[PDB]
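*Asks:* So that we are looking at the same thing, I have put the structure below in structure tokens.
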Amino acid sequence: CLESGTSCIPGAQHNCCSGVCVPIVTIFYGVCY
């Protein structure tokens, strides 16, 4: 899983450990919470 601070794509497969993807740039690019 993508750990806290690892980048994810909101709306896409955000395999974050918390599952939470925080949109940083926009809802198109973010980081795992």
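Letters for chains follow the order of the structure tokens (A, B, ...), residue numbers begin at 1 for each chain, and ligand numbers begin at 1 in the order shown.
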So that I can check the secondary structure, give me every residue of chain A assigned strand (DSSP E) by backbone DSSP, as an NGL selection string.
*Replies:* :A and (7-8 or 21-26 or 29-32)
*Asks:* For residue 28 in chain A, please output as a tab-separated table (two decimals) with C-alpha atoms, in the first residue's frame all residues within 8 Å (counting only C-alpha atoms; exclusion window: fewer than 4 positions along the same chain).
*Replies:*
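After the write, result-v4.tsv holds the following:
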chain	number	residue	atom	x	y	z
A	9	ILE	CA	-4.15	9.80	-7.96
A	10	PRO	CA	-7.52	10.82	-6.49
A	11	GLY	CA	-10.37	9.13	-8.32
A	23	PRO	CA	-5.70	15.89	-3.44
*Asks:* If we count only C-alpha atoms, what is near residue 20 in chain A at a cut-off of 8 Å, once residues fewer than 4 positions away on the same chain are taken out, given as a list in words?
*Replies:* residues 14, 16, 32 and 33 of chain A
*Asks:* Any idea what the distance is between CA of residue 2 in chain A and CA of residue 15 in chain A?
*Replies:*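 Separation of CA of residue 2 in chain A and CA of residue 15 in chain A: 5.8 Å.
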*Asks:* Which residues are near residue 18 in chain A? Cut-off 12 Å, only C-alpha atoms, ignore same chain within fewer than 6 positions. Put them as a ChimeraX atom specification.
*Replies:* /A:1-6,8,31-33
*Asks:* Please save N, CA and C atoms of the selected residues as a compact mmCIF listing (two decimals), in the first residue's frame.
*Replies:*
# COMPACT_ATOMS: atom_id res chain seq x y z
N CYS A 1 0.84 -1.19 0.00
CA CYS A 1 0.00 0.00 0.00
C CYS A 1 0.87 1.23 0.00
N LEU A 2 0.36 2.32 -0.53
CA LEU A 2 1.09 3.56 -0.53
C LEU A 2 0.98 4.19 0.85
N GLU A 3 2.09 4.50 1.42
CA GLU A 3 2.15 5.05 2.74
C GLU A 3 1.94 6.56 2.76
N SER A 4 1.79 7.10 3.94
CA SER A 4 1.59 8.50 4.17
C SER A 4 2.65 9.36 3.47
N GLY A 5 2.21 10.24 2.60
CA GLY A 5 3.12 11.09 1.88
C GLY A 5 3.44 10.57 0.50
N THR A 6 3.09 9.33 0.23
CA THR A 6 3.31 8.77 -1.07
C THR A 6 2.20 9.26 -1.97
N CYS A 8 -0.59 9.58 -4.82
CA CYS A 8 -1.68 8.83 -5.36
C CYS A 8 -2.43 9.70 -6.33
N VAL A 31 -1.58 12.91 -2.44
CA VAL A 31 -0.75 12.04 -1.63
C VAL A 31 -1.59 11.31 -0.60
N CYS A 32 -1.15 10.15 -0.23
CA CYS A 32 -1.80 9.30 0.73
C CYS A 32 -1.69 9.88 2.11
N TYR A 33 -2.77 9.80 2.81
CA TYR A 33 -2.87 10.31 4.14
C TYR A 33 -2.34 9.28 5.11
